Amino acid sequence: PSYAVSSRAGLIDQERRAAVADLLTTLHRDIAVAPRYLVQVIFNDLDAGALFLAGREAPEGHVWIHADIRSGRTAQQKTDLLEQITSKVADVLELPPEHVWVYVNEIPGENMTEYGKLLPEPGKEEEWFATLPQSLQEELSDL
């Protein structure tokens, strides 16, 4: 899972970036049943007049979250993850939920490498983990 977060440069502090990354990685560990070490968060900061809504320049307090996750998850965890991201990120950034927009694109696990290895089906992370080299096993377990 890689979350890309797009907002006007300056909207998200470095310490609020840290809080957003911690929250997304945490909600993802809990709603998806996936280990945190798989989670990547990227902040794409945007120029001043680079974001438009309804053909008109956006309010400064607008955030778009694009998430790439593995296909094969239940409908419930997907929608639950969406509602909770909209909810908790809006609170963390002190924004109205109407201005945290979240999209989930689903891609098969075999279409992803992370830590140098093709990723498995969701739910098969223990099996996948037992295939890694022992030194990779113990750096990941520290996270």
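Position 1 is the first residue in the sequence shown; the rest follow in order.
**Q** Can you pull the Cα B-factors for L53, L95, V41, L118 from the entry and say which is highest?
**A** Largest recorded C-alpha B-factor: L95.
**Q** Comparing against every modelled residue in the chain, figure out the third that the C-alpha B-factor of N105 lands in (lowest, middle or highest).
**A** Within its chain, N105 is a lowest-third residue by C-alpha B-factor, going by the deposited values.
**Q** With respect to C-alpha B-factor, does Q77 fall in the lowest, middle or highest third of the chain as deposited?
**A** For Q77, the deposited C-alpha B-factor lands in the highest third.
**Q** By its CA B factor, does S2 count among the lowest, middle or highest third of the modelled residues in the chain?
**A** It falls in the middle third of the chain.
**Q** Would the CA B-factor of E83 place it in the lowest, middle or highest third of its chain?
**A** Within its chain, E83 is a middle-third residue by C-alpha B-factor, going by the deposited values.
**Q** Classify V63 as lowest, middle or highest third according to the C-alpha B-factor given in the PDB entry, relative to its own chain.
**A** Lowest third of the chain for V63's C-alpha B-factor.
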